[PDB]
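Presented below, as structure tokens, is a lone chain in the form deposited in one PDB entry.
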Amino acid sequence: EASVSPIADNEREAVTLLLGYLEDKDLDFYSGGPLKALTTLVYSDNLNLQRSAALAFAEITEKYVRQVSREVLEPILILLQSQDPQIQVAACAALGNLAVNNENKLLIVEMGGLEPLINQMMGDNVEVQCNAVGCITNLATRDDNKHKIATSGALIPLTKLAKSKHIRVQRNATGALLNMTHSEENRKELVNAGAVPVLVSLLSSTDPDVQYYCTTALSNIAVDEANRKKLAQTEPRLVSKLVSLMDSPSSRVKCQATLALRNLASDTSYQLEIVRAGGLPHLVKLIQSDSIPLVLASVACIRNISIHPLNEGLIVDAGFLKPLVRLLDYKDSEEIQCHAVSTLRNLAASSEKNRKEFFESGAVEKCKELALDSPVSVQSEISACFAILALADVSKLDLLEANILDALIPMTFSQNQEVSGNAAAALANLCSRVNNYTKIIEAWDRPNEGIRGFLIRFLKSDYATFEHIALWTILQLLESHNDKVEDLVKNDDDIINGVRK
């Protein structure tokens, strides 16, 4: 007995044909004779003949990566379902080879190739896990496939494999999970699949790639309000782990941890918690770094943190004022400059209590210098900060002595309503209820038609708000009880006619 009968006639011919094909040093394996021979073996009930085809597929695809037919992929996807580990390894290697091609990435998923891969990842053979998770990451490079991977049920095996002790497996699993964070729907699927606890624990990973992938994935996840809510509810260790990663020896990891904190800084509770967790000393160092990425991330994150009024005192105490002003020297980075000015405006708007150190920082003079030779977005931030500063009666004269009118008057000429309107409002408040009009009088006809020209121009404006600012400014001057100031208005025919007509 012992299988007295031999191999089938058609399978013997397939064996001989395929061996001859593989021995030839030339040959299209994906179309005719070679493909028919391979398919015959992949249909044999002899396991060794199936191993021969799976091994041949892997060798062929490792040397011939082309766009293939369904007739090439069907036998491979059959072999993926084998109970035989050797057949599974080779067949997955072959599919992984073919999946580096872009068109193959689509046809494989369209044919249900994601099914066999998911189950192989749930198995216990580390080599099949590795080839399957690599084929999965390779398929996910195309955005068309990402959503259906996210809903296929594959995030569960990717989450399990992210906990694997083999670093090849773990890097690929976390890399794949990272690839699923580029859309809100995909981030939602990945959160719903339970991957957040795993990503957070792997922030502690000793491999630099793994902790980079998981830091970047959590940062992307934190971009959605609904995910920040669940993070705050189920991940108490998240902020401390990210703060610790701001000490990473890798600039790449330090940058992504800071970007994650910035995203989680959108919610008031995280703006406080990051401060409570000790984030301020790291950020004040990072904004002084020479690494452009480090500065971009840290200034964006302190800007978000400074939105919270209860953080103003601690931010000033941590010494942010002078380093923030030095950031205005990045005259080629609009993003750095706007974030720095916006941070300073937030601090000025929260409290007047540190206004003295605000002035000693050089912030007013530096903003004055940028006001005219900076982009309009930077102009928008500076003019708004000036408008905020001009509200406090306690610092109005200090602002005027600093010659702030030399910046404000030119800005009222701007074609951008934000710049012009912010500067007009600042000017109006500076004329209100001050007890020294020396600087106002000096600026009457001084830089850019001084104040007189500003009133005449805004009295004519088609914008009802701009006209109102001029009329209200004139009333401030008329109420100054300064004989000279009142005469500047009351003895000016051009201002009188602008008011009347």
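One-based numbering along the sequence shown. Throughout, rigid core stands for the largest set of C-alpha atoms superposing within 1.5 Å between the two forms.
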| item | value |
| --- | --- |
| Continuity check for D26 and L27, given as deposited residues lacking coordinates between them | 1 to 3 |
| Stretch exceeding the other in mean C-alpha B-factor - 46-54, 465-473 | 46-54 |
| 122-130 versus 79-87 - which carries the larger mean C-alpha B factor in the record | 122-130 |
| Member of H308, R228, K241, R168 with the greatest C-alpha B factor (per the PDB record) | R168 |
| Candidate set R303, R326, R142, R345 [ranked by C-alpha B-factor, highest] | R142 |
| Assigned third (lowest, middle, highest) for the C-alpha B factor of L22 | highest |
| Modelled-residue ranking by C-alpha temperature factor, third containing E312 | lowest |
| CA B-factor ranking of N104, expressed as a third of its chain | highest |
| Lowest, middle or highest third - CA B-factor, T438 | middle |
| Chain thirds of CA B-factor: placement of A2 | highest |
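Just so it is clear, the following notes concern the form deposited in another entry, a form of the same protein that is not shown.
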{"query": "Core-superposed C-alpha of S289 shifting 2 Å or more between the shown form and the other one", "finding": "no"}
{"query": "Exceeds or equals 2 Å, Cα of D393 between the shown form and the other one, core fit", "finding": "no"}
{"query": "Yes/no, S306 Cα shift of 2 Å or more between the shown form and the other one with rigid core fixed", "finding": "no"}
